[PDB]
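The data below hold one chain only, encoded as structure tokens and taken in the form deposited in one PDB entry.
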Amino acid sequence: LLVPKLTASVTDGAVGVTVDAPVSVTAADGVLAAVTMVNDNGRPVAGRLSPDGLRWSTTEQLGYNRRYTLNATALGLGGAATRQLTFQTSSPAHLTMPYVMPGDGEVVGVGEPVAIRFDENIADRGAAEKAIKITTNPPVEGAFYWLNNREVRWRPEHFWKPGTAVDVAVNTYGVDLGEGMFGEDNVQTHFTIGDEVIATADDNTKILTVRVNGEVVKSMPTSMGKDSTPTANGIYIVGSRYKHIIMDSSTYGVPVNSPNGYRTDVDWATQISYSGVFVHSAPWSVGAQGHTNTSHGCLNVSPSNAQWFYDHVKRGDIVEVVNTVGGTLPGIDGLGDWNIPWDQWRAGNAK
């Protein structure tokens, strides 16, 4: 007769076993009659046996720097076979935790990139990218690009089509992200693209025009950066929205006590760059809005229009600035992703 054969997904005596996959045992020419797995302290590991008795797998994630011992017995008409296997899992030098935006279940605008931010510098960007699975429906091509040593972004060539579902699975637990840095955990988030909302601030008219699904719905007189502190041209992604916010220049790098510093409370403020540009209520400049530029870079509008903007724009909507005397918003600003040409974005910078 034929003696049962056992096949494990680990080898006895292995070291550095990664914990990004379950551990399995398979029987052939027989069935699994006993399968147990314990850690170094004797703590059992939860598992599940298939109804046909041929396949057993762990059902909870295994830990770092552990020693596991697997005992399996297979029985068949032709005899019995028993094996004992002991293996050692990865021993990270450090862990890093990923943080994903936008939030799970959110509806966002057509400019919203997927963002994965780690709390440590990532030595092996390629490994991180390979560990992140992005599903889109309808499917569209996209690509990864790193804004700095810790945050990676994914987006398509053109703005998203409304109604697209986007699923983000960051499967970094057990993955070596370089230099002994392993993922602290997995994260899973899902979001959806809503209406197309694109607002254009044209320096030639000093008007901020809001288009919803292609139709002009609001035309807002604005005052942008004066010549000495101009507003940069380019594509801005709407970020966070505030009924009011204490605008403190030191958050954007400039001491309040410096000549260009400031600390003032502002109403109805919508963030459009990490450098600190907002659409906001500006009662002090209503006389100049629609005529001349008087601000330090923000888009000043009236209180009523700033509240309208707050109420009708969402994270990931788009503000485009054109014809100013400024330069172009940096692509790595944090909300300036779309100013990177697609060929450069697509090629990436994983190194």
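Throughout, rigid core stands for the largest set of C-alpha atoms superposing within 1.5 Å between the two forms. The first residue of the sequence shown is number 1, and the count goes up from there.
Form deposited in another entry: not shown, discussed below.
- Only one of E151, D124, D203, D248 has its C-alpha shifted by 2 Å or more between this form and the one not shown once the core is superposed, and that residue is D248.
- With the core held fixed, the Cα of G214 is displaced between this form and the one not shown by less than 2 Å.
- Once both forms are fitted on their core, a CA shift of 2 Å or more is seen for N257 between this form and the one not shown.
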